[PDB]
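Understanding the architecture of this molecule
Now for the letters of each chain:
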Protein chains: 2
Amino acid sequence: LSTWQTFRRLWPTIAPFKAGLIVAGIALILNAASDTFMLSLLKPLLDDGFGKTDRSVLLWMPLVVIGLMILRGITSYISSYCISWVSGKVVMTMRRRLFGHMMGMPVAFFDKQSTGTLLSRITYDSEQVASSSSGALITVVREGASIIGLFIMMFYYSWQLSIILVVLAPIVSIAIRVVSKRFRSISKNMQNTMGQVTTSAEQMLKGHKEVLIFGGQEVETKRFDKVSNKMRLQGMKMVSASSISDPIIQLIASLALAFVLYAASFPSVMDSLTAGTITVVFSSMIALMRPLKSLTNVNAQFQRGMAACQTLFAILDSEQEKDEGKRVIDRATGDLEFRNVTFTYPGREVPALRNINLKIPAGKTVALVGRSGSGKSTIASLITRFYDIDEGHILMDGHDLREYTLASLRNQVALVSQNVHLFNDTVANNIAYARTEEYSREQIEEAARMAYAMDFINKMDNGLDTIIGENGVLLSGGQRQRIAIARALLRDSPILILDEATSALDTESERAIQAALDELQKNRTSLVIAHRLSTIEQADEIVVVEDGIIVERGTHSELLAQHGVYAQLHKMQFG
Amino acid sequence: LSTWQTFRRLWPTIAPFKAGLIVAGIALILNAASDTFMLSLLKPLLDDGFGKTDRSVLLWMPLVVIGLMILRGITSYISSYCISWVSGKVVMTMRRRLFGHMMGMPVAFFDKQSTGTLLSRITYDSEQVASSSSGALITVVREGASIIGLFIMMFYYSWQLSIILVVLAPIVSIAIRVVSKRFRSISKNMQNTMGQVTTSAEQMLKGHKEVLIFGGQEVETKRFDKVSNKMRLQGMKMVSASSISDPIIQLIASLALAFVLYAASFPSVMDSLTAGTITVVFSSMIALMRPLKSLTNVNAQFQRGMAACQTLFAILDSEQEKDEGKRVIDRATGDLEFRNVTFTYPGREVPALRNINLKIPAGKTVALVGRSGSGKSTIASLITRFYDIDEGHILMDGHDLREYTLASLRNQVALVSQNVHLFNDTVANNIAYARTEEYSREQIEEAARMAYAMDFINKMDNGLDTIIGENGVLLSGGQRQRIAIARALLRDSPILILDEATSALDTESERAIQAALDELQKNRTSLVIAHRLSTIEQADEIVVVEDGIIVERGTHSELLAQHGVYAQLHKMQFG
């Protein structure tokens, strides 16, 4: 209905690759001509050949057959290659645009659904877009050409007979539609009263025990004999009706045939005719049925493919992360403060955090501590503006976070976890995620040294050049952790978020990990979702979170002496 | 493989209705001839008509068209009617035999599965039996006839060209199979390495938050640009391969065509030919493809339908209730005794009853009492031999139950419940379930009187003649109960099992129910799965069951004084 809006929108991504469409359409028209020329040459076969018993006709005829067929194959390959090339580039451009758009959507959008199955729906629907629309272009250009061809040829070789057929065919098809509809109604009326009798009969084996006790078996057999005969007689009523439809339909079309032959008896018609031209006109008229049937499904196909293009424009039209921030931080000095921070995850009520006051001074390290839920993680995600807050403020160097540009803000923070973003590349270029040409191999080796990683790197194929496979296959949890540390070390990020909740703590050479973490925290601001005793007790401040509110605050022994929830968690070792 | 065993087994149920098959086959052969005669008359059309410009040919030709088509419709209707009649009677006979067999199977068989969905599987599989096998008979007789016809006609009108086509066709089809197999392999090798690259690309939007923090968006966009271009270029690799197959296949068949034409150039061939005979031989050779393709699916269809006939013979071959009992009781005097009865439900371990000793003397009434599980119901079902026992004995008139014939034994017992077997009939003939002509309306009215039923029966359309609808629509729980009572009253059954566990006890005119129950129990043996206080306290003996063993036994106050489990249940009012 409105799918040409969708198409007019889509078009300027295609219009760069127009040439291949031009070409494809040409080759399709050629392919249609080649078809109808092959049909056309039944006339010389039956006249110039067998009518004049001229065996020279059957000599060239083979060479025109294999000729045309060679051309038809060539035109087919050209057309399907041009079409595939254009649809491939259109889907690739649309996939790239969609991806670049999503990389820049809210994290909310990313927490509704797995990206693994969103990019599956997207690659599939983009394929179905270019598939359905190019298939419709094909069957338009080609079946339109072949229809025009067969009509021209029909009327040329015998406009009288062609006018007869063109008139008869609609009447015959409308007579058939009318008859098979009148029979669909009669079949659904009988399937209703067959469904009832069948249900009735499928019930009457129940209450078997009552029957055995009372000895009513022969009675229930005489009830089934009757319902079975009734089922079978309804089966007959249905068959005798349905097996009449198709005889009458064929007799209807046969009357049209016999009528066409009777018309061809009259010389007004017969003088234009021969064996050749009659068989050409019947062949081309039968050949018309396929491209017409194709042409009445083209609309369904085109809208089916603009329906999938609707979803991709839906995704491209949904809104990106807010970045009205106007200030650019070179390097944050460090002082970082929550001030009455209240926050609700979108699409819920019951806040996740209430009235969070909290100051992390420059150089210092706060440890967040609490049970599973708590809100530990939410605070950290609020640091990077992965969401935005309902009430209060969060300050960096005495300005709100939202006054800074998302890029500047996120350039200051770094993150360390076990589930660090590893990807198919060298170690060197993982450690320098972006900024590969901005840090030399010397610097990257120093970052890997102080992260206690050259231990296991130098014991590996090509050292720092060693590739890390599909998803980062090779590295164990503690190696992941040390790589993440090397990364946060290499960029001298003024803030550090350290997530210990995911990372595992059995790991051989946890000593090395703590030694690197120690070197990392050195004179840099660091919020820590904490579970290592080692870092909790060493923390300049601790902040205890319960049900989204800070309950306790202070140093390790200061809070332990209070025998409160911090003590409860220290006894359980956090977990 | 062994499906002709199944068929030879099935055959003598069909052989009664052989006539209709004979007829159907005849009409099918006629229908095939009518077809090939219509094809045959292209030769006079193009020769005797347009070759000699004889317009008289095109005068009779219409009348032979509509002639043959009338005959073809008639033969089609005759054949499909005979076939439907035979398959209908075969499925009905098989359904009746299956039903009569199941009515007489163990109750175990009835407790595995709902009979409502077993008789659905049975009516469906019987339909699929006669459907598949008659469809295969049809397409055998008919497509075999039409094949013979078109072959005869082809070789008659030009054995030279026919020998050419008969030789070429297999070679061409084997060349096509070989080519499209060599292309299936090449397409599956490319779909494997497309599946890998697609999975790789659907992963790489994960870890979004890590990316935002580290600001690695442009890096991941440059990783997607590359994996997207790689996907698209594999799309090309796949298309350029698959869109070559069909051109080569067509060029292969075109070479066969051109070869046939070249052979038709040589006069050894061409002198037998005309326009008429060449178009007849090509028409009949194309017409051969459909019945051949049908004939290579007939085997699959026949075994598909003997597979469904396998399940029905499976059901008919499974074993019926054991009835080696040799003794016939006219009327049981009443004395009924369990003696160390242990019993396990088949397909479990942990017996349901252990060492059940219990005597119900003539005229007396025992009340079984206990919690939900207990085994109350099992004892009753063991009374009628709905199962058989592992250890001990159950005696009626001082002989084991298994010495009596199942029919004689069950003639002595009667049953009263709420879920009584009601069915589509008059009230009178429900009350006299079997034995409708053995009890007069006078007797049945007396039975309904003393069951306190003429209350609500005389207040109804036609009184005792009132029909009870689909499943027994009209009657409320208490009316059901009183009808069941009237039934057990009418047959003067020496034993009575009364199931109160299912029947509901709020019911207005429970007074009437207890009054009827009182009239029923009068001087007849009665085991009662008891929950009415009224009958529990009045019971000559009570038997308390817990975890499949009798724990307490004795009169109402005798057991209540013991403050045991009977007291616990009397306090809860049984429920």
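Each value, and the rule that gives it
Residues numbered from 1 in each chain as written, not as in the entry; some residues may be left out. Chains lettered and ligands numbered in written order. Heavy atoms only, no water. Residues with missing side-chain atoms left out of burial classes, pairs and counts. UniProt positions renumbered as here; feature names shortened; annotations may be inferred. Least-squares fit on C-alpha atoms. Contact = heavy atoms within 4.5 Å. Helix = DSSP H or I, 4+ residues; strand = E, 2+ residues; numbered from the N terminus. Buried area = accessible area lost by both parts, 1.4 Å probe. Salt bridge = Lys/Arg side-chain N within 4 Å of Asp/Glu carboxyl O. Polar contact = N/O pair within 3.5 Å; in protein donor to acceptor, adjacent residues only side chain to side chain. Nonpolar A, V, L, I, M, F, W, Y, C, P; charged D, E, K, R; others polar. Buried < 20%, exposed > 50% of the residue type's maximum accessible area, 1.4 Å probe, protein only. Pairing = 2+ DSSP bridges. Patch = residues over 30% accessible without salt bridge, like charges linked within 9 Å, V, L, I, M, F, W, Y side chains within 5 Å. Areas by Shrake-Rupley, 256 points an atom, 1.4 Å probe, with all protein chains shown as cover. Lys, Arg positive; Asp, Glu negative; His and termini not counted. Charge placed at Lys NZ, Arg CZ, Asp CG, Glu CD.

Its PDB record attributes the structure to X-ray crystallography, giving the resolution as 4.47 Å.

As recorded by the PDB entry, chain A carries the name Lipid A export ATP-binding/permease protein MsbA and is attributed to Salmonella typhimurium. In its Subunit (unreviewed entry) section, the UniProt record describing chain A reads: "Homodimer." According to the UniProt record, the Subcellular location (unreviewed entry) comment for chain A reads "Cell membrane".

Comments concerning the relation of the copies chain B and chain A
With an axial shift of 0.0 Å and an RMSD of 0.0 Å, the rotation relating chain B to chain A amounts to 180 degrees. Classification of the inter-copy transformation places it as that of a two-fold axis. With an isologous cut-off of 70% or more, the 100% of interface residues of chain B that recur at the interface of chain A puts this contact in the isologous class.

Remarks on the UniProt feature "transmembrane region" (unreviewed entry) in chain A
Residue and element names in this part refer to chain A. Annotation from UniProt places "transmembrane region" (unreviewed entry) at residues 15-39, 59-87, 136-157, 163-180 and 248-266. In residues 59-87, helix accounts for 100% and strand for 0%; the two terminal C-alpha atoms are 43 Å from one another. For residues 163-180, helix accounts for 100% and strand for 0%, while the C-alpha atoms at its two ends are 27 Å apart.

Regarding the interface of chain B and chain A
Contact with chain B, which involves 112 residues of that partner, is made by 112 residues of chain A. Approximately 9,800 Å² of surface area, both sides summed, lies buried where chain B meets chain A, with 73% of it carried by carbon and sulfur atoms. Of all residues in chain B, the largest losses of buried area upon contact with chain A belong to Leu-205, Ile-213 and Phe-214 of chain B, amounting jointly to 9% of the total for that side. Run the count over chain B and chain A and you get four salt bridges. Between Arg-487 of chain B and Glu-210 of chain A there is a salt bridge; the shortest N-O distance is 3.9 Å. Put simply, chain B and chain A have 18 residue pairs in polar contact between them. Elements with a minimum of two residues in the side of chain B that touches chain A: α3 (42-49), α4 (57-102), α5 (107-111), α6 (115-203), α7 (208-214), α8 (217-265), α9 (267-270) and α10 (275-295) of chain B. Looking at the side of chain B that touches chain A residue by residue, the classes come out as 56 nonpolar, 35 polar and 21 charged.

Quick word on the side chain of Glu-510 of chain A
Residues and elements named next belong to chain A. When you line up the elements, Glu-510 lands in helix α18 (residues 510-521). Given a relative accessible area of 16%, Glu-510 falls into the buried group. Among all residues touching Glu-510, those that are not within four sequence positions of it are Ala-504, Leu-505 and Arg-532.

Some words on the pairing of strand β11 (residues 541-546) of chain B
Residues and elements named next belong to chain B. With five bridges joining them, strand β3 (residues 365-370) and β11 adopt parallel strand pairing. Following the sheet pairing, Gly-370 is matched in β11 by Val-545. The pairing of β11 with strand β12 (residues 549-554) spans five bridges and is classified as antiparallel. Paired with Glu-546 across the two strands is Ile-549, which belongs to β12. Between β11 and β12, which pair antiparallel one after the other, the connecting turn spans two residues, and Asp-547 there sits at a positive phi close to 45 degrees.

Remarks on a positive patch on the surface
All names here are of chain A. Together, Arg-177, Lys-181, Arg-184 and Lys-188 line one region of the surface with positive charge. Mapped onto the elements, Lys-188 comes out in helix α6 (residues 115-203). With a relative accessible area of 65%, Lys-188 lands in the exposed category.

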